[PDB]
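All values below come from the heavy atoms of this structure, side chains included, with hydrogens, waters and symmetry mates left out. Throughout, numbering of the chain's residues begins at 1 and tracks the sequence.
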Amino acid sequence: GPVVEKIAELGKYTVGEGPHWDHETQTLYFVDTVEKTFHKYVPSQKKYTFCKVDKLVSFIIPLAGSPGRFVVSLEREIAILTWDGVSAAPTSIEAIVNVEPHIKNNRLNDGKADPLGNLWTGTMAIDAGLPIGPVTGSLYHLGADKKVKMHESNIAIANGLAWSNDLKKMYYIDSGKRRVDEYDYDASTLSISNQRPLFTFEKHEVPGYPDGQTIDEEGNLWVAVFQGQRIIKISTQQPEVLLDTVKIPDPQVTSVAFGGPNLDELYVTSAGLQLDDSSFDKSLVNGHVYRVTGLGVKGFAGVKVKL
Ligand SMILES: [Hg+2]
Ligand SMILES: [Hg+2]
Ligand SMILES: [Mg+2]
């Protein structure tokens with residue numbers, strides 16, 4: 001079976017999240033969605049750094065054409081951070097847009113660029129809760145003239161995103177729905193339609209909640225299972241097909257990104273935050289970062305945001 005390695009060099013995270021693999025610099029970036037920190041890991045050189053801000057963060061993606069600059073979330077603001085990748089604070093912050101200026105207790109959560117470079121991201125109540133809590137989030141993309149467009153409402157916990165290689169489908173996760181949805185994606189108008197369930201956890205006895213996700217070159221989705229101690233591999237060719245399961249020692253698996261020189265090493269983030277209604281005792285909940293090899297598939301380099 002696959003080899004799951006705990007990356008000792010990286011330590012433990014409250015809620016490690018938002019992994020992004022920059023292929024040209026062979027560097028993984030990620031966030032902690034509770035501790036207000038960004039993180040950098042260069043595996044070939046065993047280099048780790050962090051960056052502190054005073055707002056809640058949920059993604060970090062290099063800005064296309066601008067070395068040393070990243071598109072990030074700061075509470076409800078999408079912003080450009082100028083960061084040298086090693087100092088413990090940004091050099092400067094350039095706000096782009098506040099997606100929800102008048103929803104004082106919302107935050108941005110998972111975000112990713114589509115293959116064309118357009119940032120997609122969604123919101124949630126800061127005090128969202130599972131299985132039931134306030135449902136206040138929406139799904140957006142950032143388009144022309146730095147204005148967002150809304151694509152879906154009634155989202156409890158806005159989470160993982162992926163697109164098919166032919167640019168005809170988008171895949172999206174609201175953790176509260178305990179399923180992955182597929183949509184027809186119109187790359188020319190940047191709109192989605194014909195929402196329908198692709199994979200429903202209760203139909204397959206999968207515990208926990210879908211969180212982050214990514215897609216491989218064959219079109220398989222790799223889905224993080226929060227409170228499931230696993231990642232799952234699911235089909236995009238047929239609905240409701242579980243292809244494989246890979247157990248991850250940390251119960252609170254949060255997200256996934258392919259990396260390594262050949263894009264065949266799956267980085268997996270997790271959360272050490274101990275929750276009062278957990279299916280797992282506290283001794284099990286640590287928050288390490290893992291690397292999975294031997295899956296027999298390759299992914300894609302992380303896409304930079306175009307502004
Ligand atoms: Hg930073
Ligand atoms: Hg940054
Ligand atoms: Mg997430």
#### Entry: Verdict with reasoning, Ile126 to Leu56, per side chain to side chain contact (heavy atoms under 4.5 Å, CB included)
CA-CA 9 Å; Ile126 294 171; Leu56 294 170; 4.2 Å; yes
### Message
I'd like to know if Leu190 and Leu161 are part of one continuous hydrophobic network [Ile/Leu/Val/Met/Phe/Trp/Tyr, side-chain heavy atoms within less than 4.5 Å].
### Response
yes
### Query
Taking only residues at least two apart or on different chains, which pairs with a member in residues 119-147 satisfy salt bridge (charged side-chain N to carboxylate O under 4.0 Å, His left out)?
none
### Query
Would a distance-only check, ignoring hydrogens and angles, find a side-chain to backbone donor-acceptor pair under 3.5 Å from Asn106 to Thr136?
yes
#### Entry: Minimum side-chain heavy-atom gap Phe226-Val253 below 4.5 Å
no
### Task
Find out if a path of hydrophobic residues (ILVMFWY) with successive side-chain heavy-atom gaps under 4.5 Å connects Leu167 to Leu142.
no
### Message
Assess the residue pair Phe258 and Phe300 against the criterion (ring-ring contact (aromatic ring centres under 6.0 Å, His included)); give the C-alpha distance rounded to whole Å, side-chain angles, the decisive distance to 0.1 Å, and a yes or no.
### Response
CA-CA 7 Å; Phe258 281 96; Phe300 302 92; 8.8 Å; no
### Message
When you measure from the side chain of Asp32 to the backbone of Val15, do you find a donor-acceptor pair of N or O atoms at a distance under 3.5 Å?
### Response
yes
### Query
Has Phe50 got more than 12 heavy atoms of other residues, nucleotides or ligands less than 6.0 Å from its CZ?
no
### Task
Among residues two or more places apart or on two chains, list those pairs meeting side-chain hydrogen bond (donor to acceptor under 3.5 Å, both in side chains) that have a residue in residues 294-307.
none
### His39 and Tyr48: CA distance, side-chain angles, deciding distance, side chain to side chain donor-acceptor pair (under 3.5 Å) verdict
CA-CA 7 Å; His39 305 273; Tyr48 165 71; 2.7 Å; yes
### Query
Between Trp21 and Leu263, does a side chain to side chain contact (heavy atoms under 4.5 Å, CB included) hold up when you go through it step by step?
CA-CA 9 Å; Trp21 177 257; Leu263 292 169; 3.7 Å; yes
### Query
Under the 3.5 angstrom rule, does the side chain of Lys112 hit a backbone N or O of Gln213 as a donor-acceptor pair?
yes
### Task
Would you mind listing every side-chain hydrogen bond (donor to acceptor under 3.5 Å, both in side chains) that reaches into residues 223-234, with sequence neighbours excluded?
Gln227-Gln252, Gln227-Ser278
### Query
Honestly curious: do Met150 and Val99 fall in one hydrophobic cluster under the side-chain, below-4.5 Å linking rule?
yes
### Message
Apply side chain to side chain contact (heavy atoms under 4.5 Å, CB included) to residues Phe59 and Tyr29 and explain how you reach the verdict.
### Response
CA-CA 9 Å; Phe59 58 79; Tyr29 297 96; over 6 Å; no
### Path from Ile248 to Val285 over hydrophobic side-chain contacts below 4.5 Å
no
### Query
How would you list all residue pairs meeting salt bridge (charged side-chain N to carboxylate O under 4.0 Å, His left out) that involve residues 66-76, not counting sequence neighbours?
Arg69-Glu94
### Query
Under 3.5 Å, side chain of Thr236 to main-chain N/O of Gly219, donor-acceptor pair present?
yes
### Message
In this structure, is the centre-to-centre distance between the rings of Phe30 and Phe38 below 6.0 Å?
### Response
no
### Task
Would you name the heavy atoms of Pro2 and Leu295 that are closest together and state the gap between them?
CG-CD2, 3.7 Å
### Query
Among pairs that include at least one residue of residues 55-66, which meet side-chain hydrogen bond (donor to acceptor under 3.5 Å, both in side chains), considering only residues two or more places apart or in two chains?
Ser58-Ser73
### Query
Which side-chain hydrogen bond (donor to acceptor under 3.5 Å, both in side chains) pairs, counting each pair once, include a residue from residues 149-158, with sequence neighbours left out?
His141-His151, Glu152-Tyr183, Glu152-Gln195
### Query
So, the side chain of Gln26 versus the backbone of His23: is there a donor-acceptor pair under 3.5 Å, distance only?
yes
### Query
Measuring from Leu119:CG to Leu63:CG, what's the distance to the nearest 0.5 Å?
11.0 Å
### Query
Would a hydrophobic clustering, with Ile, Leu, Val, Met, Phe, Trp and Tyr connected at side-chain separations under 4.5 Å, put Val97 with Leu74?
no
### Task
Could you tell me whether a side-chain N or O of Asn109 sits under 3.5 Å from a main-chain N or O of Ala158, the two making a donor and an acceptor?
yes
### Qualifying salt bridge (charged side-chain N to carboxylate O under 4.0 Å, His left out) pairs, either residue in residues 45-54, two or more places apart
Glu9-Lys46
### Message
Assess the residue pair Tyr267 and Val256 against the criterion (side chain to side chain contact (heavy atoms under 4.5 Å, CB included)); give the C-alpha distance rounded to whole Å, side-chain angles, the decisive distance to 0.1 Å, and a yes or no.
### Response
CA-CA 6 Å; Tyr267 283 92; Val256 279; over 6 Å; no
### Message
Once side-chain hydrogen bond (donor to acceptor under 3.5 Å, both in side chains) is applied, do any residues pair with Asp264, and if so which ones, sequence neighbours excluded?
### Response
none
#### Entry: Candidate pair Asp181 and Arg179, rule salt bridge (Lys or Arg N to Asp or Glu O under 4.0 Å), full reasoning
CA-CA 6 Å; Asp181 282 338; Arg179 69 182 201 239; 2.7 Å; yes
### Task
Would you please indicate yes or no on a ring centroid separation below 6.0 angstrom for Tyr13 and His288?
no
### Message
Taking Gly137's backbone N and O only, do any of them form a donor-acceptor pair with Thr123's side chain (distance below 3.5 Å, no angle check)?
### Response
no
### Summary
By side-chain hydrogen bond (donor to acceptor under 3.5 Å, both in side chains), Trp163 pairs with (sequence neighbours left out) none
### Task
Starting from the C-alpha separation in whole Å, work towards a yes-or-no answer on side chain to side chain donor-acceptor pair (under 3.5 Å) for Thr293 and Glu265.
CA-CA 5 Å; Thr293 56; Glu265 311 181 10; over 6 Å; no
### Query
When you look at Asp250 and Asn286, which way does the side chain to side chain donor-acceptor pair (under 3.5 Å) test go after all the steps?
CA-CA 6 Å; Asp250 255 286; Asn286 293 313; 4.7 Å; no
### Query
Quick check: does any side chain N or O of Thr269 sit under 3.5 Å from a backbone N or O of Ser255, one acting as donor and the other as acceptor?
yes
### Query
Would a distance-only check, ignoring hydrogens and angles, find a side-chain to backbone donor-acceptor pair under 3.5 Å from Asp281 to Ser283?
no
### Message
Which residues pass the salt bridge (charged side-chain N to carboxylate O under 4.0 Å, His left out) test with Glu5, not counting sequence neighbours?
### Response
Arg291
### Task
Taking all non-hydrogen atoms of both residues into account, name the closest pair between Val303 and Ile61 and its distance.
O-CG2, 3.3 Å
## Note on the structure
Rounding to 0.5 Å, atoms OG1 (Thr214) and CG (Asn220) come to a distance of 11.0 Å
#### Entry: Which atom of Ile231 lies closest to which atom of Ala224, heavy atoms considered
CG2-CA, 4.4 Å
### Query
Is the closest side-chain heavy-atom distance between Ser138 and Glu100 below 4.5 Å?
yes
## Note on the structure
All heavy atoms of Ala95 vs all of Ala79, minimum pair found to be CA-CB, 4.1 Å
### Query
Considering residues at least two apart in sequence or located in another chain, which fulfil the salt bridge (charged side-chain N to carboxylate O under 4.0 Å, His left out) criterion with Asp174?
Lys177
Cut-off 3.5 Å, no hydrogens considered: what does the side-chain donor-acceptor table look like for residues 199-211, sequence neighbours left out?
| residue | atom | partner | partner atom | Å |
| --- | --- | --- | --- | --- |
| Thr200 | OG1 | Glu240 | OE2 | 2.7 |
| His204 | NE2 | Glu240 | OE1 | 2.8 |
| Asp211 | OD1 | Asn159 | ND2 | 3.1 |

### Task
Evaluate the side-chain proximity of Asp110 to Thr121: yes if any heavy-atom separation is below 4.5 Å, no if none is.
no
